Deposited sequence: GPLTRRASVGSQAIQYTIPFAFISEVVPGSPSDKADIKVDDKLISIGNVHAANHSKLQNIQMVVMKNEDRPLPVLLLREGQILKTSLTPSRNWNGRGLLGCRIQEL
């Protein structure tokens, strides 16, 4: 994550899962998610409240066809993207990636 800087004039950070596979053409692929990304948040689900991942399947089903915010750690950088869970692609389920706990 970012190094500490002095406060200046002018957010989840804790990884909890990782992405081990991404099906080409899936919603996860379209969201620019990559193998080995670490998941920091998906919708309202983050390290403190994912309930051993069960809250993810619920959140993605409820958000079918609607964009969800995703925070991930890639190569040490926190990236913000969005994923639209959907069935309309050539594969199984709403996501097309495998998400496992760290």
Map the modelled residues onto the deposited sequence and report the uncovered stretches in sequence order. 11 to 14
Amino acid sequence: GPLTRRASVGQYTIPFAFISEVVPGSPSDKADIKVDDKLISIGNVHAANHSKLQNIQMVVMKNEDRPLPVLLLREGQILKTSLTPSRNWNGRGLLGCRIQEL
From here on, numbers count along this sequence of modelled residues.
Averaging C-alpha B-factors over each stretch, which comes out higher, 89 to 97 or 75 to 83? 89 to 97
On mean C-alpha B-factor from the PDB entry, just flag whether 46 to 54 or 31 to 39 is the higher one. 46 to 54
For the chain shown, is the CA B-factor of residue 9 in the lowest, middle or highest third of its modelled residues? highest
B-factor third for the C-alpha atom of residue 59 within its chain: highest
